[PDB]
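Before any questions on how it binds or moves, here is one chain, the form solved without the named molecule, in structure tokens.
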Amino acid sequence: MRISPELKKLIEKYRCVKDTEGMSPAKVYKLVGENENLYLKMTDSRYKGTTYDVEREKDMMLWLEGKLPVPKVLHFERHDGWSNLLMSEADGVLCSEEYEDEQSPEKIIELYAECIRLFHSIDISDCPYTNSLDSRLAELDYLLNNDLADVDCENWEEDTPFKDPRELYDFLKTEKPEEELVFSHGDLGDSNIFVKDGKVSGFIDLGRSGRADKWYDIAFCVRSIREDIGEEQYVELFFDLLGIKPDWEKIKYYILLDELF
């Protein structure tokens, strides 16, 4: 059945719609109700205790209550190997949508800068998870060995500098940079930030959130900017807003790290 009798009873009066598998390997179901939407997010036991495990996402959502705008945890359970999280819908409009037609590079970059600022204001002394590079790399070793890592187009392309996934891993292992831990979203992108009245209104997709180096989220922003918006001058703009000098070695490193995840 995958969900418990209790959870089924909770979600009964909602119309269930499978999401487009945007959060694969997690299964996401939109639950359309009369007065609101709920989201049910599920991950199987192969992902237990990794940064994909929604139990992990649930823990961070509870800890983040009162520190960052996040959906409310409504129900959580382990059932028949599955981790099942039922949550409220984020407030505001999804970034990718808010700026869908907005050819405004300036606004998403401004939004990225605000997120980084918000993150650095969060006290991580009691943060439930530490996603230091030793932890991420141990996890990556495990995913690789159990054929759960995300091997695809970026390992097969002729243009790849590494002959295979394990070559990229060894590089990540030996070139590990020094780290200064701060709160980190883990997968910061326009598909999981919500905005409302020009202000950040919510974050979702928090399974990879916790302590990590400050250049990790920054690196993701640089990658977003370059992928969408095409011009490198918007990268320089991003760093003027942050008011810091980019560390390209670290930025390159974190972008490579995400390839297998």
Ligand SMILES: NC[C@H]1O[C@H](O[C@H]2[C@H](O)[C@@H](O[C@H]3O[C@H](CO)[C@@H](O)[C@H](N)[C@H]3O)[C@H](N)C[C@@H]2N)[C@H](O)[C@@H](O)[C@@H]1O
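Superpose the two forms; the largest set of C-alphas matching within 1.5 Å is the rigid core. Throughout, we count residues from 1 along the sequence that is shown.
Below, we refer to the form solved in complex with the named molecule, which is not included among the displayed structures.
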Does this chain block the named molecule or leave room for it once its pose in the entry with it bound is superposed onto the site C-alphas (blocked: 3 or more ligand atoms within 2.4 Å of backbone or C-beta; open: none)? open
Contact assignment for the named molecule in the entry with it bound, among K48, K67, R223, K196, heavy atom within 4.5 Å: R223
Select, from the options 168-176, 73-81, 149-157, 126-134, the stretch whose residues sit within 4.5 angstroms of the named molecule in the entry with it bound by heavy atom distance. 149-157
Candidate site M23, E227 and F261: all three near the named molecule in the entry with it bound by heavy atom within 4.5 Å: yes
Do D187 and the named molecule share at least one heavy atom pair within 4.5 Å in the entry with it bound? yes
Can you tell which of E154, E114, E106, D80 moves its Cα by 2 Å or more between this form and the one not shown, with the two forms laid on the rigid core? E154
